[PDB]
Amino acid sequence: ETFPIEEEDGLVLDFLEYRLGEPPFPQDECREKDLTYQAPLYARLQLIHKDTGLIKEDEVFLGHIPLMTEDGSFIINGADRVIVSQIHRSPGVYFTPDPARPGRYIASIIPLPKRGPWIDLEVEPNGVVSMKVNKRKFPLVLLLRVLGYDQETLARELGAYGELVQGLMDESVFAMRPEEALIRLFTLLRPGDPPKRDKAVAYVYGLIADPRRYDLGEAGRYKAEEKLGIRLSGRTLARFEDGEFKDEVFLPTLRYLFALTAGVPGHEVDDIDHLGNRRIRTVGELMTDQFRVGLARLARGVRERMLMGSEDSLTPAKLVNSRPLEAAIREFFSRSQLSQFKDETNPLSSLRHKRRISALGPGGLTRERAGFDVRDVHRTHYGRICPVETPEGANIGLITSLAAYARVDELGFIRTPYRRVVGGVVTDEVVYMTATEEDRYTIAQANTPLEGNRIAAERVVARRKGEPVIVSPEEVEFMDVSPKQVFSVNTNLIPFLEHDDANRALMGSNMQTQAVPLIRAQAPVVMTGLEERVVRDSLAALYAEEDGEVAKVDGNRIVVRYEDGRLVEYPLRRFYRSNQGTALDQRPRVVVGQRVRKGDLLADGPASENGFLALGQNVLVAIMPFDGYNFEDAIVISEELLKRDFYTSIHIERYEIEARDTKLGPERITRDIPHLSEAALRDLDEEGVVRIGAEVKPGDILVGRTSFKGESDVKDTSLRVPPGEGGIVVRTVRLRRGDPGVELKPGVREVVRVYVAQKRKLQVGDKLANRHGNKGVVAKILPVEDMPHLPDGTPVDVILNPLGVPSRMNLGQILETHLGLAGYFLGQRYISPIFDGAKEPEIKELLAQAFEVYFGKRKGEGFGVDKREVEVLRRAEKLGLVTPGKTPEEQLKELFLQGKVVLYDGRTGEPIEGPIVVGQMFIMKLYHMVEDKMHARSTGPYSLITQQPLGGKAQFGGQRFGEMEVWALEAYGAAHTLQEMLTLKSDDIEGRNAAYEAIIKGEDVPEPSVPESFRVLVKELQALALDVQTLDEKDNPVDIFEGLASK
Amino acid sequence: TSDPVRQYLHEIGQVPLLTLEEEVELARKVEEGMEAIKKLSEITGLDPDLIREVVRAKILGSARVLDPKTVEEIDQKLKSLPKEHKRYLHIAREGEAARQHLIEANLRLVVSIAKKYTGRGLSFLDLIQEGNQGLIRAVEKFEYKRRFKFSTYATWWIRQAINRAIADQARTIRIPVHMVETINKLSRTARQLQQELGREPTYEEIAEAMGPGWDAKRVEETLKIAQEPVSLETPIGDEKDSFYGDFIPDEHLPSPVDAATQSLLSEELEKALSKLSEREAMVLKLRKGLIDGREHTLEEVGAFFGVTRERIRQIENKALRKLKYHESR
DNA sequence: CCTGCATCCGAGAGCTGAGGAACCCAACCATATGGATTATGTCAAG
DNA sequence: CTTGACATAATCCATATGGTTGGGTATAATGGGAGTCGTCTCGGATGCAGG
Ligand SMILES: Nc1nc2c(ncn2[C@@H]2O[C@H](COP(=O)(O)OP(=O)(O)OP(=O)(O)OC[C@H]3O[C@@H](n4cnc5c(N)ncnc54)[C@H](O)[C@@H]3O)[C@@H](O)[C@H]2O)c(=O)[nH]1
Ligand SMILES: Nc1ccn([C@@H]2O[C@H](COP(=O)(O)CP(=O)(O)OP(=O)(O)O)[C@@H](O)[C@H]2O)c(=O)n1
Ligand SMILES: [Mg+2]
Ligand SMILES: [Mg+2]
Ligand SMILES: [Mg+2]
């Protein structure tokens, strides 16, 4: 499109082909050296002189283009990034009701973003039709005259529809020639600018007819062709042929508008939120748009050089400056809101990040302006966008997720699959449909009963344009493929989802992404059957490429001998820091001499157990209150979890320092540091860097550095461990000037990085969650002997408060607990797909078998029923849980089939007065760790202008005492406390110095003074030429500057 | 109303262009008016510049705001010219009018030249104004005797003015013109070398390609001084709540800990001196800059007490030993 | 002449937390470097 | 408590080097360019319509 770069009346530069080379550096080197993983782009071009025909052909280097990795991300400046897809209004022709005036309609023509102006057509109340473009109302009949339309042509094309055609006609315009009409239109659109003929021609051609300026996309072309029932030749609204304008879209659009206004059947308004009217721009399209912008800037530069350069001695290399293209690509991949720091807390986090759909971004919607209509779940979202997974705050409904079976077509429209039904017989043919195509049929639910593959049900539940209906099997045309297709990948991992309220299912879906990998992670006892596919598609684990046999196994290597006879070595990623500080390592799961078929697992990735997604741990839980320690979502856990290293995670931190050049002399990284005893320099090596394996605590030196003090001869500028951090030093990396592939900033001699590792155990203040939206902070860790225990001596691991269930209405966790109890005693795991899985009777049969094991084990040893069990059974007999007249064993089994057991209190030995729900639950540790959040400050750095404390834990900052905190202090009448907050603790410089000195001297703090921010306010008001004066009671000036600003 | 570029273009287009006869006529009038100005300078014996300014002030009229009194007195002094000499004054007036018309008519060439310097640190109107300055220079320096067209001589001056203004005003931290040329040459050489090599060149390659007198260290320094400052108001994060300057600590003012340490140190020094004799403490304070900030020499302190420098030195050493004892005590 | 009536434009829309594109040529003050002078402080002694 | 004799830092002018600044180019040239259409109501100033 951009080439050929014709020069005005000459030289012509024409594009021939391009190629992409191989990357100069591999992915891991790019990560280590802070480089972009990219490939060089070469374009072969030829310069032809118009008259001579002398052709100079050259291949010119255009720069580098970033390369997507195998998993679908990019390495930009050494950091992993994901481009988020953008949802927006599809280009084309739309017709909407006029909001101000009923019975009238507005027609809209919309091109691709930044590829033309939106064009409005509207029937004015006085009868003349008017088109608005670039905020300029003017009559459409003028442009129609320009396009070459006569009175007879318009009259015969639109005579049928009544008086609208009479309102169209205007004899003043129609007496002019298309040249006069062109000049007249140009003078309406550009008032004042001299009306040269070729100038007007160029302006109007660029408005609607230039393919390099206006562009209805392929999507817009398709939508217009299907809506208007006409055929486009290109992507513009009009053509410039034989020196004159030919219409393409305007008359069909106006005919549709008139037919709609006349109530003619077969003409309808458009739903702008319909998923047939909204499309997805993916990574390729966004990158190509930025590439086109850069190419246009390059074309401008080429034309300038063609004008200025010596036409005799010119080549394609000399004409082309590739800086704008590189700048556009860098800008897109480094500053675009849609280019995001990849979320890699666990593999599911990255997979979910790659499937995100955003309505925001450049050219998108605004978070404050989006109201109700865009945040809603449309009926056409069914099978295309998950109705559950979305953020909870101000971004709700603006960021969503692609449905599991959905596909984005070549035009950008999301398609979903349906099985074809013919004559009441469900077939294997699967058709992927857009929402518009889907609207034409009657689609049966996937849970329709079948005999063989014939619909064995007289009444079938179906959708007709989203409306639920009941139909006979004959009227059915298509059937859904699976319930899984309605929800996203994260929501598909919640078992018993049909028993959960949507809000808490949202919380569970979102919280699965914050799960931290654990060193003893397990797969859930109750699964939905999608864990293995999630692990496989994340490229976190290692699988055998072909059938073969394993030759070498190591903690860092697996060598496999395939049946081809070729030895293949797979290195293992070990203790690698993710973007979020979690450690991602691969652990071999194969032995030497083992035979492996194709696709067999070789090594487990992070948060994986034998190829299954393993986000947390299966623990024994009891659902009961406990001494107020699980009050309002708090959680009580047993110390036995800590004893056997459950919920233990590994975290890695990176600390970086630089030695650069200074005017007072260069900095240097060295061990020779003044004014420190050898107790402070124990762990440093001979080069001034801490040794691998040393333990470091807050205040310890990591990298030694000395700087020239000056100040009218060296001083300590070393890197130390910040408060609240530390651990074991696991890595050190040094990058020096001149080293291959290193690109330091000017002046920086060298850079040193240190990687420090931590093994974090569960502690009070940590956050735990299950897959059903139940989240809570650990509030108490009890010794084993205090935990409630089963009659066989087994203690529970977790106690959850039952008050979290009734108002949250997430009953799926209860069914999960019952199935977990059955599996715990039967020693098995379960796959329970959503909306088609385990029901209550099956769980009851499994619980009956589990009770046979749980009780026959006791009966064999020669034990009857406990006295405490008899007392609890009496209480339950009063409660109506068991039927009177049965033996104690029968009543115990009756309780067990309800998921309840007799439980004993570890502190007293007496039983809990009622039976308690106990079972296995899958619980994950979340990335919100109290270690990373506790922060305090007495004094520290202050800001440059306001002289107030800085913000953030990293800056050793202070807490913000905002407007409503001040309101609360005022409402208490606590004047002196508020004055302390405003002056002695924030920006009264003399006041804070005096307060600190008085406190360390044992006295009480003095009275405060004027805060510095008010002096700044006075100075800024003087800069606006306003005289602000402070006065005493007698209206005389009071100098708050102590005399420093009076001449 | 708004968009001053359109307003300026309209006002420029309101002035018609020139033909060869009109252009040569105006240039000849300008040159002959300057000759008349210098002849009047010889006749009256006064400075040529001042009479140039009075002629120009009288032409431009009251509307344009040296002052009215002196221009009036010298204008009347110009009315004492007998005959065959006031013709020079008429020629000078016509020449100044010709200069104004020449500039007004050739303003459009300035716009045509200046439209190809956008995106280099200066707005379009600023470039246009500097081009106008260069056009005034070209008008004054033009020689019609060479029969060359005016635009041929005007383009060079307009381009020079635009380039010089760009070198002078494009950067917040001003960099001299020769260093600006050096930076531009470095960038162009690096771009050509990258086009040849197919990758970003290293500093040694650029140093080799610059020529004699260039090493990699010099290229590094030159690239370092070419860095432009960033804004304190650069938004951090998506929400409009975090700025860059919010993350920058003040390193100038003393901290409360530092101020408390200094206050305690001053109190400790005062106590140590008050432990000594008052006379020797005063001598120490005078010599060590405690009474008046400034440090004295032995001669000055001795002159205060009317004693020699070495007596001051010896009593200061006795006070130093007393400080030794007190610290030990 | 008054009055009302759309019309246009302007200023609002919760808090805390985390977060990163000419080149050349010639004259000219500014600052640097050298050597000599000006008080500053010490080593020795009376 | 001085008194005296070197041995150096601190200032003082005299240039000499690089860094900086002003001036100059002569075929002819003659009006720019990116952009943006998904907020909602509300309140005052105001031009336009009627009587
Ligand atoms: N004063 C505020 N307190 C908040 C806010 N959001 C949550 N909270 C409190 O934190 C508690 C726990 O938060 P939650 O577990 O819901 O938060 P997560 O960190 O797990 O995030 P998500 O629930 O997945 O989604 C929250 C989104 O909103 C953002 N968020 C997260 N925390 C905040 C805060 N503090 N302020 C503003 N916005 C916040 C965050 O970046 C996300 O995009 C909650 O019960 C509230 O008491 C909030 O906006 N303001
Ligand atoms: N934007 C936001 C989001 C959250 N918040 C605060 O966070 C709390 C938790 O909301 P939540 O939805 O996490 C629970 P809550 O409302 O307490 O539920 P319950 O009745 O079941 O106990 C809110 O009540 C607000 O105080 C805020 O100030 N601004
Ligand atoms: Mg939440
Ligand atoms: Mg609450
Ligand atoms: Mg909360």
# chains A, B, ... in the order shown; residues from 1 in each chain; ligands from 1
>>> interface_residues(of="chain A", to="chain B", cutoff="6 Å", atoms="only C-alpha atoms", output="PyMOL selection string")
chain A and resi 746+941-944+993+997
>>> select_by_dssp(residues="region 841-946 of chain A", states="alpha helix (DSSP H)", output="PyMOL selection string")
chain A and resi 841-861+867-879+888-897
>>> write_last_selection(atoms="N, CA and C atoms", output="compact mmCIF listing (two decimals), in the first residue's frame")
# COMPACT_ATOMS: atom_id res chain seq x y z
N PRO A 841 -26.99 -38.43 44.62
CA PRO A 841 -27.05 -39.88 44.87
C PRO A 841 -25.72 -40.60 44.68
N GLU A 842 -24.94 -40.24 43.66
CA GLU A 842 -23.65 -40.89 43.45
C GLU A 842 -22.69 -40.60 44.59
N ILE A 843 -22.68 -39.36 45.07
CA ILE A 843 -21.87 -39.01 46.23
C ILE A 843 -22.32 -39.81 47.44
N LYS A 844 -23.63 -40.06 47.57
CA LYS A 844 -24.12 -40.86 48.69
C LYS A 844 -23.65 -42.31 48.60
N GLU A 845 -23.64 -42.90 47.40
CA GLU A 845 -23.12 -44.26 47.28
C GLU A 845 -21.64 -44.32 47.60
N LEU A 846 -20.87 -43.35 47.11
CA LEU A 846 -19.45 -43.32 47.44
C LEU A 846 -19.24 -43.16 48.94
N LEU A 847 -20.05 -42.32 49.58
CA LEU A 847 -19.96 -42.15 51.03
C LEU A 847 -20.36 -43.42 51.77
N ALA A 848 -21.30 -44.20 51.23
CA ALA A 848 -21.65 -45.48 51.85
C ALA A 848 -20.46 -46.44 51.82
N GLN A 849 -19.78 -46.53 50.68
CA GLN A 849 -18.58 -47.37 50.61
C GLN A 849 -17.50 -46.86 51.55
N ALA A 850 -17.32 -45.54 51.60
CA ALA A 850 -16.32 -44.94 52.47
C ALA A 850 -16.64 -45.21 53.93
N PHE A 851 -17.92 -45.17 54.31
CA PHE A 851 -18.28 -45.51 55.68
C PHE A 851 -18.03 -46.98 55.97
N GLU A 852 -18.26 -47.85 54.99
CA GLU A 852 -17.96 -49.26 55.23
C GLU A 852 -16.48 -49.44 55.54
N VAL A 853 -15.61 -48.70 54.86
CA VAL A 853 -14.19 -48.81 55.16
C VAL A 853 -13.88 -48.17 56.52
N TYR A 854 -14.38 -46.95 56.72
CA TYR A 854 -14.12 -46.15 57.91
C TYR A 854 -14.61 -46.81 59.19
N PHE A 855 -15.65 -47.64 59.11
CA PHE A 855 -16.21 -48.28 60.30
C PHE A 855 -15.80 -49.73 60.44
N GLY A 856 -15.75 -50.50 59.35
CA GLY A 856 -15.22 -51.85 59.44
C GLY A 856 -13.78 -51.88 59.92
N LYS A 857 -13.00 -50.85 59.59
CA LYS A 857 -11.63 -50.79 60.10
C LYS A 857 -11.62 -50.74 61.63
N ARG A 858 -12.55 -49.98 62.22
CA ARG A 858 -12.64 -49.93 63.67
C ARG A 858 -13.22 -51.22 64.24
N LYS A 859 -14.25 -51.77 63.59
CA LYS A 859 -14.90 -52.97 64.11
C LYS A 859 -13.97 -54.18 64.09
N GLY A 860 -13.08 -54.27 63.11
CA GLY A 860 -12.16 -55.40 63.06
C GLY A 860 -11.23 -55.44 64.26
N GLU A 861 -10.73 -54.27 64.68
CA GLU A 861 -9.80 -54.20 65.80
C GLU A 861 -10.44 -54.55 67.13
N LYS A 867 -18.81 -43.92 74.21
CA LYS A 867 -19.85 -43.29 75.01
C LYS A 867 -20.14 -41.88 74.50
N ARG A 868 -19.10 -41.14 74.14
CA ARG A 868 -19.27 -39.80 73.60
C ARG A 868 -20.04 -39.83 72.29
N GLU A 869 -19.79 -40.84 71.46
CA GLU A 869 -20.55 -40.99 70.23
C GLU A 869 -22.03 -41.24 70.52
N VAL A 870 -22.33 -42.00 71.57
CA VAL A 870 -23.72 -42.23 71.96
C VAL A 870 -24.38 -40.93 72.40
N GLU A 871 -23.66 -40.11 73.17
CA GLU A 871 -24.22 -38.82 73.59
C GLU A 871 -24.49 -37.91 72.39
N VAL A 872 -23.55 -37.86 71.44
CA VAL A 872 -23.76 -37.05 70.25
C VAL A 872 -24.93 -37.58 69.42
N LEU A 873 -25.08 -38.91 69.37
CA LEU A 873 -26.19 -39.49 68.63
C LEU A 873 -27.52 -39.15 69.28
N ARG A 874 -27.56 -39.10 70.61
CA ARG A 874 -28.77 -38.64 71.30
C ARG A 874 -29.09 -37.20 70.92
N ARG A 875 -28.07 -36.33 70.93
CA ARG A 875 -28.28 -34.94 70.56
C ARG A 875 -28.79 -34.82 69.13
N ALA A 876 -28.21 -35.60 68.21
CA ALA A 876 -28.64 -35.57 66.81
C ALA A 876 -30.02 -36.17 66.64
N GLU A 877 -30.38 -37.14 67.47
CA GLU A 877 -31.75 -37.65 67.48
C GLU A 877 -32.72 -36.54 67.84
N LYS A 878 -32.36 -35.71 68.82
CA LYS A 878 -33.21 -34.55 69.10
C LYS A 878 -33.21 -33.55 67.94
N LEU A 879 -32.07 -33.36 67.28
CA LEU A 879 -31.98 -32.41 66.17
C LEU A 879 -32.75 -32.84 64.93
N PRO A 888 -26.78 -47.70 67.11
CA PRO A 888 -25.80 -46.61 66.97
C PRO A 888 -25.01 -46.65 65.67
N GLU A 889 -24.65 -47.84 65.18
CA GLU A 889 -23.91 -47.92 63.92
C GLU A 889 -24.76 -47.42 62.76
N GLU A 890 -26.05 -47.77 62.74
CA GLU A 890 -26.92 -47.30 61.67
C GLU A 890 -27.07 -45.78 61.70
N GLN A 891 -27.21 -45.20 62.89
CA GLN A 891 -27.30 -43.74 62.99
C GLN A 891 -26.00 -43.07 62.59
N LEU A 892 -24.86 -43.68 62.94
CA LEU A 892 -23.57 -43.14 62.51
C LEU A 892 -23.45 -43.16 60.99
N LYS A 893 -23.91 -44.24 60.35
CA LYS A 893 -23.90 -44.28 58.89
C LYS A 893 -24.85 -43.25 58.30
N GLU A 894 -26.00 -43.03 58.95
CA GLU A 894 -26.92 -42.01 58.49
C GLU A 894 -26.28 -40.63 58.53
N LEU A 895 -25.54 -40.33 59.60
CA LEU A 895 -24.81 -39.07 59.66
C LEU A 895 -23.73 -39.01 58.59
N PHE A 896 -23.03 -40.12 58.37
CA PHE A 896 -21.93 -40.14 57.41
C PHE A 896 -22.42 -39.87 55.99
N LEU A 897 -23.58 -40.42 55.63
CA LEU A 897 -24.13 -40.16 54.30
C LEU A 897 -24.53 -38.70 54.11
>>> residues_near_ligand(ligand="ligand 1", cutoff="8 Å", atoms="only C-alpha atoms (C1' of nucleotides) and all ligand atoms", output="list in words")
residues 391, 392, 393, 394, 395, 507, 510, 511, 514, 775 and 928 of chain A; 15, 16, 17 and 18 of chain C
>>> interface_residues(of="chain B", to="chain C", cutoff="9 Å", atoms="only C-alpha atoms (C1' of nucleotides)", output="PyMOL selection string")
chain B and resi 117+120+163+181+184+188+235-238+242+244+297-299
>>> closest_atom_pairs(of="chain A", to="chain D", cutoff="7 Å", atoms="only C-alpha atoms (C1' of nucleotides)", output="Markdown table")
| residue | atom | partner | partner_atom | distance |
| --- | --- | --- | --- | --- |
| A:117 | CA | D:36 | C1' | 6.4 |
| A:118 | CA | D:37 | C1' | 5.6 |
| A:365 | CA | D:38 | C1' | 6.9 |
| A:369 | CA | D:39 | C1' | 5.6 |
>>> interface_residues(of="chain A", to="chain C", cutoff="10 Å", atoms="only C-alpha atoms (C1' of nucleotides)", output="ChimeraX atom specification")
/A:301,368-369,933,952-953,959-965
>>> residues_around(residues="residue 48 (chain D)", least_positions_apart="5", cutoff="12 Å", atoms="only C-alpha atoms (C1' of nucleotides)", output="PyMOL selection string")
chain C and resi 4-7
>>> closest_residue(among="B:15, B:207, B:63, B:81", to="chain D", atoms="only C-alpha atoms (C1' of nucleotides)")
B:15
>>> interface_residues(of="chain B", to="chain D", cutoff="7 Å", atoms="only C-alpha atoms (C1' of nucleotides)", output="PyMOL selection string")
chain B and resi 9+13+108-109+112+148+151-153+311
>>> closest_residue(among="A:668, A:154, A:634, A:69", to="ligand 5", atoms="only C-alpha atoms and all ligand atoms")
A:634
>>> residues_near_ligand(ligand="ligand 5", cutoff="12 Å", atoms="only C-alpha atoms (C1' of nucleotides) and all ligand atoms", output="MDAnalysis selection string")
chainID A and resid 632:634 767 774:777
